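For reference, the structure is listed below as structure tokens.
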Amino acid sequence: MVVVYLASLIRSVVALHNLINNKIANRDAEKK
Amino acid sequence: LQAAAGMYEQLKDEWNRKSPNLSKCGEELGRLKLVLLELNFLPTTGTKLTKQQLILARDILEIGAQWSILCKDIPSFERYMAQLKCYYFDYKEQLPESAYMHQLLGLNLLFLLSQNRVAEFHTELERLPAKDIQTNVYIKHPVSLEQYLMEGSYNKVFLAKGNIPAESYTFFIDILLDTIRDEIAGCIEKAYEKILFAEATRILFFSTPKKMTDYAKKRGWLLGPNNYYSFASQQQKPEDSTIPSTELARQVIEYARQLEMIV
Amino acid sequence: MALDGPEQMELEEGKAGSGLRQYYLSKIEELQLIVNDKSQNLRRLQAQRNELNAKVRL
Amino acid sequence: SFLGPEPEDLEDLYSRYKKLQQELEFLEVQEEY
Amino acid sequence: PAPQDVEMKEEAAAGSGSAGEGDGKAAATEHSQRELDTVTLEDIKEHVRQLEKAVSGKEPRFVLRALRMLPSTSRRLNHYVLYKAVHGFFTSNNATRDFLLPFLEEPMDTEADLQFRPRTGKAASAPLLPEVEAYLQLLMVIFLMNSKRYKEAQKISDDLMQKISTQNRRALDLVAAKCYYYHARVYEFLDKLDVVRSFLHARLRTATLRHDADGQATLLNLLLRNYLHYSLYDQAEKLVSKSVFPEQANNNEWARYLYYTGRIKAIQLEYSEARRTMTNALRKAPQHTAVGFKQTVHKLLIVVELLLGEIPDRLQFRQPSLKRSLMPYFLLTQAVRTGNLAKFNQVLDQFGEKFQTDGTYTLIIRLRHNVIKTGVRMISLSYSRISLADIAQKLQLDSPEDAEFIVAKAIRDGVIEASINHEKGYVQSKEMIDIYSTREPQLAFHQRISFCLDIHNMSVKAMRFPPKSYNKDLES
Amino acid sequence: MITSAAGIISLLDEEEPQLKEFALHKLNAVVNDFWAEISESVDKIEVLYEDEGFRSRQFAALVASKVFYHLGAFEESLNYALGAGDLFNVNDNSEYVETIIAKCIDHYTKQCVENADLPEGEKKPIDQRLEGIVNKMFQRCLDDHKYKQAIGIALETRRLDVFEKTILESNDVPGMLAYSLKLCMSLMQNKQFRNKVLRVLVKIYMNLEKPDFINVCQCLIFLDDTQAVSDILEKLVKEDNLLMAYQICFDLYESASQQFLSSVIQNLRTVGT
Numbered sequence: 257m258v259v260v261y262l263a264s265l266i267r268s269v270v271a272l273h274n275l276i277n278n279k280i281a282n283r284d285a286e287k288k
Numbered sequence: 091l092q093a094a095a096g097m098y099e100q101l102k103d104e105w106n107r108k109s110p111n112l113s114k115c116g117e118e119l120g121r122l123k124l125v126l127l128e129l130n131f132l133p134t135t136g137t138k139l140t141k142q143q144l145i146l147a148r149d150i151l152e153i154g155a156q157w158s159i160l161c162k163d164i165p166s167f168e169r170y171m172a173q174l175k176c177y178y179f180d181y182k183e184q185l186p187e188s189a190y191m192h193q194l195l196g197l198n199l200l201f202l203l204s205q206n207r208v209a210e211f212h213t214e215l216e217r218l219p220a221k222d223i224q225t226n227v228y229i230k231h232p233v234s235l236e237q238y239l240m241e242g243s244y245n246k247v248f249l250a251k252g253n254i255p256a257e258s259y260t261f262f263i264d265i266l267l268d269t270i271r272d273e274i275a276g277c278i279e280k281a282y283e284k285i286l287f288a289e290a291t292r293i294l295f296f297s298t299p300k301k302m303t304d305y306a307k308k309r310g311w312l313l314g315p316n317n318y319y320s321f322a323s324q325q326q327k328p329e330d331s332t333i334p335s336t337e338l339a340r341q342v343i344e345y346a347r348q349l350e351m352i353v
Numbered sequence: 001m002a003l004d005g006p007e008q009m010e011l012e013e014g015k016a017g018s019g020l021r022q023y024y025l026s027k028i029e030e031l032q033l034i035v036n037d038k039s040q041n042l043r044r045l046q047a048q049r050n051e052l053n054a055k056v057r058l
Numbered sequence: 028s029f030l031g032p033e034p035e036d037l038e039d040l041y042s043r044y045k046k047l048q049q050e051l052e053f054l055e056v057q058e059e060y
Numbered sequence: 028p029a030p031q032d033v034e035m036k037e038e039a040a041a042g043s044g045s046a047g048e049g050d051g052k053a054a055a056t057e058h059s060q061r062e063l064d065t066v067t068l069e070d071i072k073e074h075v076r077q078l079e080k081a082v083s084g085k086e087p088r089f090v091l092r093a094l095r096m097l098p099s100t101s102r103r104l105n106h107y108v109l110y111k112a113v114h115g116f117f118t119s120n121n122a123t124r125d126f127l128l129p130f131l132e133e134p135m136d137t138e139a140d141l142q143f144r145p146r147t148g149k150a151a152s153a154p155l156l157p158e159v160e161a162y163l164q165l166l167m168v169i170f171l172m173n174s175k176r177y178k179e180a181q182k183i184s185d186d187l188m189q190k191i192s193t194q195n196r197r198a199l200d201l202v203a204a205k206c207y208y209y210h211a212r213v214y215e216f217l218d219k220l221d222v223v224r225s226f227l228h229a230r231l232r233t234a235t236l237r238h239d240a241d242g243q244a245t246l247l248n249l250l251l252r253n254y255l256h257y258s259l260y261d262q263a264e265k266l267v268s269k270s271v272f273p274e275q276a277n278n279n280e281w282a283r284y285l286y287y288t289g290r291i292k293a294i295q296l297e298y299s300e301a302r303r304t305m306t307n308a309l310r311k312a313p314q315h316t317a318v319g320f321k322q323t324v325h326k327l328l329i330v331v332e333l334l335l336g337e338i339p340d341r342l343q344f345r346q347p348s349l350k351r352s353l354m355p356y357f358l359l360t361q362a363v364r365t366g367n368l369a370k371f372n373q374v375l376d377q378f379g380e381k382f383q384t385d386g387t388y389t390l391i392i393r394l395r396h397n398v399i400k401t402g403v404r405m406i407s408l409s410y411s412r413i414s415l416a417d418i419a420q421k422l423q424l425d426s427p428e429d430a431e432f433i434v435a436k437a438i439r440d441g442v443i444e445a446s447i448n449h450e451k452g453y454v455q456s457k458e459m460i461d462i463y464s465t466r467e468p469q470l471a472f473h474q475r476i477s478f479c480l481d482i483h484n485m486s487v488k489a490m491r492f493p494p495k496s497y498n499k500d501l502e503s
Numbered sequence: 001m002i003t004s005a006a007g008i009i010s011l012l013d014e015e016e017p018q019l020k021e022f023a024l025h026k027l028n029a030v031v032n033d034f035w036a037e038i039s040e041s042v043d044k045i046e047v048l049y050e051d052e053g054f055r056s057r058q059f060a061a062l063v064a065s066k067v068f069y070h071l072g073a074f075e076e077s078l079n080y081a082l083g084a085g086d087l088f089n090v091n092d093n094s095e096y097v098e099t100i101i102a103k104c105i106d107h108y109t110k111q112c113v114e115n116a117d118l119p120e121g122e123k124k125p126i127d128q129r130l131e132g133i134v135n136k137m138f139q140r141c142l143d144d145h146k147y148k149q150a151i152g153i154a155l156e157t158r159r160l161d162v163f164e165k166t167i168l169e170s171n172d173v174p175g176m177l178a179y180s181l182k183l184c185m186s187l188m189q190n191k192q193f194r195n196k197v198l199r200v201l202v203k204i205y206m207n208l209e210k211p212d213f214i215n216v217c218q219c220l221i222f223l224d225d226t227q228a229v230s231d232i233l234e235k236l237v238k239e240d241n242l243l244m245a246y247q248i249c250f251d252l253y254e255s256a257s258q259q260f261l262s263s264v265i266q267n268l269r270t271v272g273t
């Protein structure tokens, strides 16, 4: 339980900010 | 008579520390109520402006309280007492005034303790401080007792001698005293086997062997003229001896079943 | 709903109408809500079952 | 009416929420299954 | 001008907000979001933005340029932070943080999830209103005691904060859950006799049916503090008993819940439950950011563990580097060891000014009982049969009776755990040993495993959730 | 400023009928702050709502209901409110007692599903105050002139009150049928209720003098009723249109089998060319 949670804590900032840029990209990408 | 501050307080003074009466200072306490409805329509919001109305409010309920204590009726006192407190808290002790509040306050502390409502006792302790505004004579009795009672020097208590100085406190002191005597009385049974009558009066907070005989009997020791501490005492000492076995195991099957299910 | 904070004033299309409109909706909405929370568990159960199903079947 | 008052706003939400529930039920079943 | 005011403050808050609000409505992503919130968000906003290119700065420029002009008291708190119509308790920067010039620089650009202030002037066209109002409100409350703002601003985040989210969906409560917490740390600080309670209570009951456990948690913490200020034991007593406290709410908030709980219970002489909470409290807190709360908790902690009948470790006082402040607390521990009244009583008074400040003083009066109590239990436990005369000298008690009465109060509770035999006048300990020829150990182990078990199912379950949230989240 | 309830609890306790009566007026605002301490005194406030020596019952029921939801018993809170029959306008306008209103709608749905299933009404277990809430919801639909929202609540609740002839209370008559068929099959797994909704559509077709052409065809095949097809054919004699007739009949044919085919031809000759 500890091991996963530590990996999660470093990843979090990266993963959560990026989401908004990828989200927008996806909707447009889907059409073609 | 009719009373409400700024024009009456006759009854507070006439009730005790002049002559004993409550046949004017609590018999006529039903028409005081009708002005109280007005007064009580204003400490919805607790502000300094409300003060003027608030002191009149308190005044009937101080006389109300006073008749109940002398009369030896605890429930009436409790309804009256409770109002005065919230009416102090409007910037936390906005009204800490009057020496016909003084007695009530001490009384309230011992009252909470007799019930063995420990939470309420602390709530009051903190709310109240006017124990030097109205100065330590009868108010001193619960205070001394808190220090002693927490320390566990039962000897020091100043509750088995707080009967003699009284405003009308003597009643409250007695019910609280009875609670103190019981707490010790059950414990002592477990404590030791058949001990002297004299030894069993000493640290049982009793006054005579006659008071001890009747009091002990209800508790389950000294049913006769001979101590019976011995039944109770013997049960406590061996903690590591008891095997009814299956009964004691307490259903091994259940714990096992809880455990197995996950895997 | 075209809001979910406090606003408007009553008419039975005002605050009273809007506030009652929200409760009529809330019973329907609750089913939507329990499932979005349910999705997190469903994937957990899914990943583990996919590995397990591939090994037993293999 | 047919302009778009507050009751029309009521109809819209109602419709979607109801329609959507049976399909969410199949997904709820998958978790159990 | 200052390019740092604009680019850092608007972007940092933007990423965070969008991702949480959007994620929360979509799916229960909650473990991941909580990890982001406490450590990163609070630290970055607080420390670095103070010294930029302008005076102060938390994030008050995301409450000024993706404000959306909400009905919230986000805007109301903003005006004080800058100058719009009132200067307030803090002056504006003309280095492009201006509220006096609205609609200055923006790096964020359009995206509805992201928030944007000139895109729309009201959010009241959707159920989004409560969560975005909550979000901006959040940014504001942390900053207010920080920049030494007082008077009106603190009171309109105590009653009015409550008004903003009381009608809510699960998602909306989850954003608001945070908002209430960052309000809680300012709230402990200033005491009011003013009753904030009404709104807080009424909102607690409606939200539980609506969904979201996290919102429930934070309001319970806030509320304990409300009682603390009033200094009425009774009202707080009701609140602790009723609650059990669930586990969905961040780690920082749990530490605040335990500290408050521990503190109040101990006065009554419920040292036993309170010690458990306090020990968990210290440990639950964060690292370096936590340090100011941690020291106050460390003062209370020695006292609650001391109250039990334990004599805490001397190294503990020494090690945090608040050793100096800890020095009277260590002395109280020593006074308890010897059993002498005289040192205990003089210390309590001298250091009393320092204790009152911590809040510990009320507990410290109850510790007088312990000074003698710990000494008699230590001696009896070690050597079972000792004469009544011997205990009286050691502690500096009045009499062999004085000791017997300590034993009498204790026995029923079980602390000292001995009995007085006035057959010759000794105290005799109950103790015996050889428990393994009796069924009794199977029970001891049985409860331990049952207790562990419910946690094991929880361990497996929780573990998988955060990596899966991250895999579901879209990444570059 | 006052934070303690203590005075209020004593007024309620005391023997003075006047003091007891006064208490409730003062209580409404505070019984959402002080409420915890007031729970002690829940009994006195209930007696005052109970006792017909007061017309303070309305005010009393509100205070007593308010303590109960806070306490964690939502149901008995509701029950006191429905009994006085205290106006919902006041509760809606406040943000304190949002609790009670929310419980009222969801409580309403449990009672209503079992009661409404077969009979037209929604029966006695749903009292006048619940109905009184529903009525407020009812007005909004009428105004809109649209059957579909009446339709949306009526399926979930299982009412036939507002799912049949709600065009006498004014709503949109045409178009009603399509919406009703597609939602009812998908959502519903109760046959008893399903059949009802389908029986109502046979009555709805008759109001119109050119009912929708797709909708008849579903009723014909599932039910085995010659009745669903028959109203449309009855109208077409009166209307005299070739263009109108043809669409219905082609739609019917696809669904229909040979047993149906025999039965429609006979109906059509009877009604007329």
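Protein chains in written order, with PDB author numbering: chain U, 257 to 288; chain T, 91 to 353; chain J, 1 to 58; chain K, 28 to 60; chain S, 28 to 503; chain N, 1 to 273. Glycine included, C-beta positions come from ideal geometry on N, C-alpha and C.
Chain-ordered neighbours of residue i on chain S, where CB pairs are closer than 8 Å
| i | result |
| --- | --- |
| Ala2 of chain J | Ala151, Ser152, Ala153 |
Residue i, DSSP secondary structure in three states
| i | result |
| --- | --- |
| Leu78 of chain S | strand |
| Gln455 of chain S | strand |
| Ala29 of chain S | coil |
| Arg88 of chain S | coil |
| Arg103 of chain S | helix |
| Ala23 of chain N | helix |
| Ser158 of chain T | helix |
| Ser4 of chain N | coil |
Where residue i meets chain T, residues with beta-carbon distance less than 8 Å
| i | result |
| --- | --- |
| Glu16 of chain N | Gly120, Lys123 |
Residue i: contacting residues in chain J (beta-carbon distance under 7 Å)
| i | result |
| --- | --- |
| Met137 of chain N | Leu20, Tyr24 |
Beta-carbon contacts of residue i that lie in its chain and below 7 Å, excluding the five residues immediately before and after
| i | result |
| --- | --- |
| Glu458 of chain S | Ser411 |
| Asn277 of chain S | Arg61, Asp64, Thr65 |
| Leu71 of chain N | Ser39 |
Proximal residues of chain T, C-beta to C-beta of residue i below 9 Å
| i | result |
| --- | --- |
| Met459 of chain S | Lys327, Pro328, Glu329, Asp330, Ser331 |
Contacts of residue i in chain N (Cβ-Cβ under 9 Å)
| i | result |
| --- | --- |
| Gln48 of chain K | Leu187 |
Within chain S, partners of residue i - CB distance below 7 Å
| i | result |
| --- | --- |
| residue 213 of chain U | Missing from the structure shown is residue 213 of chain U; chain U here goes from 257 to 288 and no further. |
| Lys279 of chain U | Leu501 |
Bounding residues of the alpha helix (DSSP H) (the contiguous stretch that carries residue i)
| i | result |
| --- | --- |
| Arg309 of chain T | 299-309 |
| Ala180 of chain S | 179-182 |
Chain U contact residues for residue i, given Cβ-Cβ distances below 7 Å
| i | result |
| --- | --- |
| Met490 of chain S | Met257, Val260 |
Amino acids of chain S, ordered along the chain, whose beta-carbon sits closer than 9 Å to that of residue i
| i | result |
| --- | --- |
| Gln348 of chain T | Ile476, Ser477, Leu480 |
Nearest-angstrom Cβ-Cβ length linking residue i and residue j, presumed shorter than 8 Å
| i | j | result |
| --- | --- | --- |
| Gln142 of chain S | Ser45 of chain S | 7 Å |
| residue 354 of chain T | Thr465 of chain S | With chain T covering 91 to 353 only, the question about residue 354 of chain T has no answer from this structure. |
Interface residues of chain J facing residue i [CB-CB closer than 8 Å]
| i | result |
| --- | --- |
| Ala244 of chain S | Within chain J, no residue comes near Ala244 of chain S; the closest Cβ sits about 16 Å away, beyond 8 Å. |
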